[PDB]
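Commentary on secondary and tertiary structure
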Amino acid sequence: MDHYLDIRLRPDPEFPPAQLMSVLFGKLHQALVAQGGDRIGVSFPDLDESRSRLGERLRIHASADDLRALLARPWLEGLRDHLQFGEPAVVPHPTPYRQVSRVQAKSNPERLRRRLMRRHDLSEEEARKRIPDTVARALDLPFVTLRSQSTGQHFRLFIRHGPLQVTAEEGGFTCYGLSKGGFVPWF
Amino acid sequence: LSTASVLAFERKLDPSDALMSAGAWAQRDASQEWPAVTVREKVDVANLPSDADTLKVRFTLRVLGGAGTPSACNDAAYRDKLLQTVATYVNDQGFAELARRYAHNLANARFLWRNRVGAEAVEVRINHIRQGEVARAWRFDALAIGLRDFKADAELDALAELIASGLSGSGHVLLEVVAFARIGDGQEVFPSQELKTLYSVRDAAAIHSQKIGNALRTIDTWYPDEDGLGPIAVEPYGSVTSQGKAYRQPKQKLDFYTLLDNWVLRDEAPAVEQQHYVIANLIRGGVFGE
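Every chain's residues are listed with numbers counted from 1 in the order the sequence is written; these need not match the entry, and residues without coordinates are not shown. All chains are assigned letters beginning with A, and all ligands numbers beginning with 1, in the order in which they are written. As shown, the structure covers only some chains of a larger assembly, and all values describe those chains. Heavy atoms from the whole structure form the basis of all side-chain values; hydrogens and water molecules are not counted. Residues with missing side-chain atoms are left out of burial classes, side-chain pairs and their counts.

The name that the PDB entry assigns to chain B is CRISPR-associated protein Csy3, with the source organism given as Pseudomonas aeruginosa. What the PDB record gives as the title of this entry is "Cryo-electron microscopy structure of the type I-F CRISPR RNA-guided surveillance complex bound to the anti-CRISPR AcrIF9".

The name given to chain A in the PDB entry is CRISPR-associated endonuclease Cas6/Csy4, with the source organism recorded as Pseudomonas aeruginosa. UniProt positions are given in the numbering used here, feature names are shortened, and annotations may be inferred rather than shown by experiment. What UniProt records for chain A under Sequence similarities is the sentence "Belongs to the CRISPR-associated endoribonuclease Cas6 family. Cas6f/Csy4, subtype I-F/Ypest subfamily."

Secondary structure follows DSSP: runs of H or I at least 4 residues long count as helices, runs of E at least 2 residues long count as strands, and numbering of each begins at the N terminus. Along chain A, the regular secondary structure elements total four helices and ten strands. When the helices and strands of chain A are listed from N to C terminus, the series reads β-α-β-β-α-β-β-β-α-α-β-β-β-β. Overall, chain A is about 60 × 45 × 35 Å in size when its C-alpha atoms are taken along their principal axes. Contacts were defined at the residue level, with two residues in contact if any of their heavy atoms lie within 4.5 Å. By sequence separation, contacts in chain A at least 24 residues apart represent 70% of the contacts at least 6 residues apart.

Contact with chain B, which involves ten residues of that partner, is made by nine residues of chain A. Charged means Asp, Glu, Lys or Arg here, nonpolar means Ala, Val, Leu, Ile, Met, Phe, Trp, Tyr, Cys or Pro, and polar covers whatever is left, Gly included. The class makeup of the residues in the side of chain B that touches chain A is five nonpolar, two polar and three charged.

So, on to the pattern of salt bridges. Pairing between side chains becomes possible if they bear opposite charge and their charged atoms approach one another. What counts as a salt bridge is simple: a side-chain nitrogen of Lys or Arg found within 4 Å of a carboxyl oxygen of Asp or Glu. As a salt-bridge pair, B:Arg139 and B:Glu123 come within 2.4 Å of each other at their nearest N and O atoms. A residue pair is termed long-range when its members are at least 10 positions apart, and B:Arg139 in strand β10 (residues 138-141) and B:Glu123 in strand β8 (residues 122-130) qualify at 16 residues.

Residue and element names in this part refer to chain B. For the domain bounds, the source is a domain assignment made automatically or taken from a database. Domain parsing of chain B yields domain 1 (1-10 + 67-94 + 219-290) and domain 2 (11-66 + 95-218). Contact residues are listed per partner, giving 23 residues for domain 1 and 18 residues for domain 2. Sort the elements by how many residues they give to the side of domain 1 that touches domain 2 and helix α6 (residues 272-284) lands first, with five residues. Looking at the side of domain 1 that touches domain 2 residue by residue, the classes come out as 13 nonpolar, six polar and four charged.

Here a helix's expected span is defined as the number of its residues, less one, multiplied by 1.5 Å. The end-to-end C-alpha separation of α6(B) is 19 Å, in line with the 18 Å expected for 13 residues at 1.5 Å each. One or two steps after α6(B), the chain reaches B:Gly285, where phi turns positive at roughly 85°.

Residue and element names in this part refer to chain B. Across the interface, helix α1 (residues 76-92) lies against helix α5 (residues 256-265) with an axial gap of 10 Å and an inter-helix angle of 95°. Considering the angle they form, α1 stands roughly perpendicular to α5. Taken together, the residues of α5 that come into contact with α1 (itself represented by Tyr78, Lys81, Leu82, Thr85 and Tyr89) are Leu260, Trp263, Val264 and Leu265. Partitioning the contact of α1 with α5 into residue classes produces seven nonpolar, one polar and one charged. Axes here refer to lines fitted to C-alpha atoms; in helices the fit is confined to the stretch in contact. Angles between the N-to-C directions go from 0 to 180 degrees. Here roughly perpendicular refers to angles of 65 to 115 degrees, roughly parallel to angles under 35, roughly antiparallel to angles over 145, and oblique to all remaining angles.

Let's shift gears to the pairing of strand β3 (residues 57-62) of chain A. Residues and elements named next belong to chain A. In this scheme, strands are said to pair when DSSP sees at least two bridges between them. Pairing between strand β1 (residues 3-9) and β3: six bridges, direction antiparallel. Following the sheet pairing, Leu5 is matched in β3 by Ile60. With three bridges connecting them, strand β2 (residues 41-43) and β3 associate as antiparallel partners. Each bridged residue has a counterpart across the sheet, and for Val42 the counterpart in β3 is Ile60.

Residue and element names in this part refer to chain B. In space, the three strands of this open sheet follow the order β7-β1-β16, with antiparallel pairing throughout. The open sheet terminates on both sides in strands that have one partner only, identified here as β7 (72-73) and β16 (287-289). Across three bridges, strand β1 (residues 6-8) lies against β16 in antiparallel orientation. Note that in β16 the partner of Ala8 across the bridge is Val287.

Turning next to the packing of aromatic side chains. Residue and element names in this part refer to chain B. Each aromatic pair joins two rings of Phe, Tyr and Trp (for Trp, the six-membered one) with centres within 6.5 Å, and gets the label stacked for planes under 30 degrees apart, edge-to-face for over 60, and tilted for any other angle. Measuring from centroid to centroid gives 5.1 Å for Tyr237 and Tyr257, while their planes differ by 85°, and the two rings are edge-to-face. With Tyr237 in the loop between α4 (209-216) and α5 and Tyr257 in helix α5, this pair connects stretches of sequence that are 20 residues apart. Between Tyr257 and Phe288, the ring centres sit 5.8 Å apart and the planes meet at 70°, which makes this aromatic pair edge-to-face. Of the two residues, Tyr257 sits in helix α5 while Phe288 sits in strand β16, which places them 31 residues apart along the sequence. Pairwise contacts between aromatic rings join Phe9, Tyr237, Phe256, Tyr257 and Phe288 into one cluster. Its end group placed over the ring of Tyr277, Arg248 keeps NZ or CZ at 4.1 Å from the ring centre. As a reminder, the over-ring test applies to NZ of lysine and CZ of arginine, requiring each to be within 6 Å of the ring centre and within 35 degrees of the ring normal.

Next up on the list: the pairing of strand β3 (residues 18-23) of chain B. All names here are of chain B. For β3 and strand β15 (residues 204-207), the ladder comprises two bridges, and the chain directions are antiparallel. Of the residues in β15, the one forming a bridge with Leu19 is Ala206. Pairing analysis gives five bridges linking β3 to strand β6 (residues 54-63), with the strands arranged antiparallel. Residue pairing for β6: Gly23 is matched across the bridge by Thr54.

Time to look at the sheet that holds strand β4 (residues 83-85) of chain A. Residues and elements named next belong to chain A. Here we have four strands laid out as an open sheet, ordered β2-β3-β1-β4, and antiparallel in their pairing. Both outer strands of the open sheet, β2 and β4, are each paired with one neighbouring strand and no more. Averaged over all neighbouring strand pairs, the angle between strand axes comes to 25°, with direction disregarded.

Residue and element names in this part refer to chain B. Assignment of secondary structure puts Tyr89 in helix α1. It is 27 Å that separates the C-alpha atoms of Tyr89 and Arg148, two residues lying 59 residues apart in sequence. Sequence-distant contacts of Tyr89, defined by excluding residues within four places in its chain, comprise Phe95, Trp263, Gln275, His276 and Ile279.

At A:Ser52, a residue that is not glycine, the phi angle is positive and equals roughly 60°. Summarising the element assignment, A:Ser52 is placed in the loop between β2 and β3. Although it is not a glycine, B:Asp267 adopts a positive phi angle of roughly 55°. Looking at the element boundaries, B:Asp267 is found in the loop between α5 and α6.

As C-alpha cells, this is what we get:
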C-alpha cells in the first residue's frame, strides 16, 4: 500500500460514536465489495483492548490508484459533515504485522438444533437434547454496535485484531473488509 | 432587587409531531395521496414499502412572539426590569441573527436525527401559509448546505426577516416544513422510541415535537472552550446527553443563570453572543427562580 487514507470521525452531538462508526462500516461495505478491487483494507489505529472500543478514527489501507477513485466515488463520499477525511499519504517505511479479522460463531442453541434437524431429519427433542449448555459460544472481543434487521438492539460486531509480527505478508482482502488470511500495514 | 421565586416563559417556535410517509423522488412534485408508513413487528421496525425510495416528513411550525413576556412572575418590579432589558436588546439589535440561524436549521435536515445519516439527497420545501394560501415558498438542499456551518443566502435572509418579524410580534407566522430523503428500497427509518415501542399517531409513525424543537434551537456556538464539536442544542448549563459532558459549566461566568442574574439585577451587559444565548433560552422557556 503506497497511499494511506485516514478518515477521522468528528464528534457529533446528534449521534453517538458507536452508531456513527456502524454507519461508516455499513457504507464502506457496499462501497468496497461491490466496487471491486484486488486489495481493499482498513485498520483501526486507535484500537485498544482496554476500553473494548473500535477506535475514534479509521485508516483505510489501499493503493494510490485505488484510493484515488474510492474517495471520489459518491457512495464513499457525502459523510464529510460528521467525518474528517484527507488524501492518500505514503505510509512510514517501518511497519508492523497486523491482520484484522472477524470471529464467526453461533451463540444460540436453537440455530444449531434447527440446522441439524433440517439436514438429517431429526426430531425436535433429538435436536434439543443433542445441543447441551456447553454448545453456546460467542466471541468476547470488543464489538461495535451495529443495529440492523439482524438484531433489534445494538448488535455486536466481531472484529479480531492480529498480533504484531515482523514479517508482513500482504494480499487481497475481503469485500466487506474481513480478514483474507494476511496481515495489513500497521502504523 | 432579588429574583422572583416563580418565573415561567411560554415556548415560542413550538412545532408539532412529525408524520412520516413514503413515495418516489419522481412524485416529490405532488406529495398528495402518499401512503403512510405503518408500524410492524418482527421488536418493532419500520421500513418503506416494497417499492419506495423516498421518505417524506411533514410538520408545521408557529411563531407566537412575546418571548420575554413572562407568563407568571411574583414581583412586578422584576418583570418590568426584565422587559426593559429585553426591549433594549431588541432596539439595539433585532433577532435577525437568531432568525438566520433558525432558518439554516430548517433549510438543512438537522431535525431528522438518524434518517439523514447515509442520505444522498435531502430536499426541503418550506412554505408560508397565510389565510390558507401559500404566500411565498422556498426550496433548499440539505446535503449541499452545511449542517454544522452557517452560510449566508438571499432566501435564508428573507426567511430570517420573516421569522424576526413574527417573533417581534408584527404578525402571525406559520411554516409548513416538508422534507424528502433518498435512502433506498426497503430501508429502515429511525423514528422516536417510546417508553421497543415506536411513536405512532393515527396508525402512522412520527417523531416527537420536542425532539424536533431541540434540534431547531442548536444555536449555542459560544462555549468558553471549543474542541471543534460545533453547535450545541441551546440548554441551560450547555448540557449534552450524547457526549456525556457538560460544557459551559457553572463554575465559569458563561452560565445562563449567572449571566441573566448579572444582566438584570447588576446591569452587567455580557458579550453580544451571551445576549443571543440568553434570548434563545428565554424563547425556549422554562422554570427559573426558586
